[PDB]
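Residue numbers (PDB author numbering), protein chains in the order written: chain L, 1 to 106; chain H, 1 to 121; chain A, 333 to 468, 489 to 527. Ideal placement from N, C-alpha and C gives every residue a C-beta, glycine not left out.
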Amino acid sequence: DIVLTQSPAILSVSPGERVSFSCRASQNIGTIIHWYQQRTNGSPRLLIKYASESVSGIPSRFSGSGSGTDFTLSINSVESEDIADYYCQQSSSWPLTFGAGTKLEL
Amino acid sequence: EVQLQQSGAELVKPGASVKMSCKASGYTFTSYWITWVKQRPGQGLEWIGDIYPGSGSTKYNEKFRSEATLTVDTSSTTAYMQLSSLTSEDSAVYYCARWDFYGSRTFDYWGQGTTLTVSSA
Amino acid sequence: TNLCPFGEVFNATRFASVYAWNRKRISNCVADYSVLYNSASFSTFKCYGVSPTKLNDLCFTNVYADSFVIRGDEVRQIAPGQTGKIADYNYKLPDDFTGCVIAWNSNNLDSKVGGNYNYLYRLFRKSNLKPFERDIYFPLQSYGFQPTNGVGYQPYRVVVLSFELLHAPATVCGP
Ligand SMILES: *[C@@H]1O[C@H](CO[C@@H]2O[C@@H](C)[C@@H](O)[C@@H](O)[C@@H]2O)[C@@H](O[C@@H]2O[C@H](CO)[C@@H](O[C@@H]3O[C@H](CO)[C@@H](O)[C@H](O)[C@@H]3O)[C@H](O)[C@H]2NC(C)=O)[C@H](O)[C@H]1NC(C)=O
């Protein structure tokens, strides 16, 4: 079982700042990683497919990078429209494991 | 269009099992796996288990090998998760999801969010 | 001293296609062979040059898992020295290697209604392959894995554990 550490749990940020996240797996995953966002009260939804390239349908402002073990996500700028938690997930082998999740706040 | 819709909300006393369902629609049911995820007020998502609609194979998270059992009616295209018993810690919000095993391997379609109030009173 | 990542190799969501079989390097782990051997899912655990029960007591210097999906009938080819289209042109095992081949029927997972075609094998090549190399009409044929195919046509997930027994520094040990 791969354990997916993601932090800082609260990423206090002022709007307009570039933000970054990072997922560190507990083993080599290859590149089968995804990220999901959860706005207030909301369900999670897929944003980045295979951890680097945006899924067909999400705005291009979301970009992924990294490979092998170190996966990272950056949003070019955060406005209150994007205020949400983001969770790391892996699908290479069973069991499937979700991250702890990080919080954006003012 | 493809979308999953949760059965609704259920309220029960402890020990009273719940059998709950997510209504599939809008795509070939056998083609894409169904996957169940779980969360609780105040913490992030956690995986429960998977089932393959076309052959009825299942997979489980080891922490819930016993409490949960997964089944599908591939004729009407609806999957079911049965929970045997409930604790007041089990008060949780449950999401049914689509898993695209043969393509992207993403949980790209989700339910509206099932709520389980386990309550002794 | 820490446990060994066998689960990831065995329980991988999707295996590699034989024509480009995968290879993982297993090291710095206390491999527990008992759990693999006692598991009944594996139809064939054939160990060459070693005793399957003896495995849990030895130590090894380098051990590699090669994993790939093939049809049920070709599994006989994976035995060393057997000549065939899958052996010669896709994956050929050195003469008298010291390893164990494990296989299991995966028709529960890999087979898809309407066929799954993600798995390829090489249809044409100019000359036979040398041991343990991979190559990358049109020369790749897709397998037509339909859920109701015959036993021979059903996909078998095969993991080949190849390990050297000579007493060089040994980083993979059993209990
Ligand atoms: C490949 O995966 C199987 C199944 O693993 C189990 O199911 C997955 C979907 C995930 O939930 C995994 O986290 C989970 O372990 C492995 O076989 C399984 O091995 C475990 C040992 O850890 C067995 O656990 C049981 O645990 C209870 C309580 O401790 C005991 O009573 C049992 O005796 C046993 O120890 C589990 O039963 C077993 N499952 C099957 C179907 O045999 C498998 O080991 C793994 N591959 C490799 C190479 O490890």
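Selection of the stretch 17–29 of chain L by Cβ proximity to chain A, strictly under 7 Å: Those residues of the stretch 17–29 of chain L that come within reach of chain A (Cβ to Cβ, closer than 7 Å) are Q27.
So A419 of chain A is in the alpha helix (DSSP H); what residue range does that whole segment cover? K417 to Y421
Within 8 Å of chain H by C-beta, residues of the stretch 40–71 of chain L in sequence order: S43, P44, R45, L46, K49, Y50 and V55
Segment limits, alpha helix (DSSP H) that includes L368 of chain A: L368 of chain A -> alpha helix (DSSP H) spans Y365 to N370.
If we cut at 7 Å on Cβ distances, does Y102 of chain H have a partner in chain A? Output row for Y102 of chain H: interface = yes.
Taking all protein chains shown into account, do 16 or more other C-beta atoms lie within 10 angstroms of the C-beta of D398 of chain A, making it buried, or fewer, making it exposed? buried
To the nearest angstrom, how far is it from the Cα of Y495 of chain A to the Cα of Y449 of chain A? 6 Å
Report the residue from L:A25, L:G66, L:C88 and L:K49 whose alpha carbon sits nearest the alpha carbon of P59 of chain L. L:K49
What is the DSSP secondary structure of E62 of chain H, counted as helix, strand or coil? helix
Just to confirm, is the Cβ distance from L492 of chain A to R454 of chain A under 7 Å? Yes, Cβ-Cβ distance for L492 of chain A and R454 of chain A is below 7 Å.
Got a sec? Which residues, its chain only, sit under 7 Å from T106 of chain H by beta carbon, not counting five neighbours each side? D100
Please state whether DSSP places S80 of chain L in a helix, a strand or coil. helix
Closer than 6 Å to a non-hydrogen atom of ligand 1 - does that hold for the CB of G526 of chain A? For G526 of chain A, the Cβ stays outside the 6 Å cut-off from all heavy atoms of ligand 1.
Is the closest heavy atom of ligand 1 to the C-beta of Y60 of chain H under 6 Å? Yes, since a heavy atom of ligand 1 falls inside the 6 Å radius drawn around the Cβ of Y60 of chain H.
Taking the alpha-carbon positions, what's the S119 of chain H to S88 of chain H distance? It is roughly 6 Å from the alpha-carbon of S119 of chain H to the alpha-carbon of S88 of chain H.
Three-state secondary structure (DSSP) at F101 of chain H? The three-state reading of DSSP puts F101 of chain H in coil, since its state is none of H, G, I, E or B.
Spell out whether any CB of chain L is found under 7 Å from the CB atom of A344 of chain A. Cβ-Cβ to chain L under 7 Å: yes for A344 of chain A.
Rounded to whole angstroms, what's the CA-CA distance from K59 of chain H to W94 of chain L? Just pull it up for me. 8 Å
Assuming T97 of chain L and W47 of chain H form a contact by the criterion Cβ under 8 Å, report the distance between their Cβ atoms to the nearest whole angstrom. 7 Å
List the residues of chain H whose Cβ lies closer than 9 Å to the Cβ of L4 of chain L, in chain order. Going along chain H, no residue has its Cβ under 9 Å from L4 of chain L, so there is no contact; the nearest lies around 11 Å.
Check: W94 of chain L C-beta below 6 Å from any heavy atom of ligand 1: yes
In whole angstroms, what separates the C-alpha of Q90 of chain L from that of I29 of chain L? 8 Å
Please confirm whether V395 of chain A has its beta-carbon closer than 7 Å to some beta-carbon of chain H. no
Where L387 of chain A falls: helix, strand or coil (DSSP): helix
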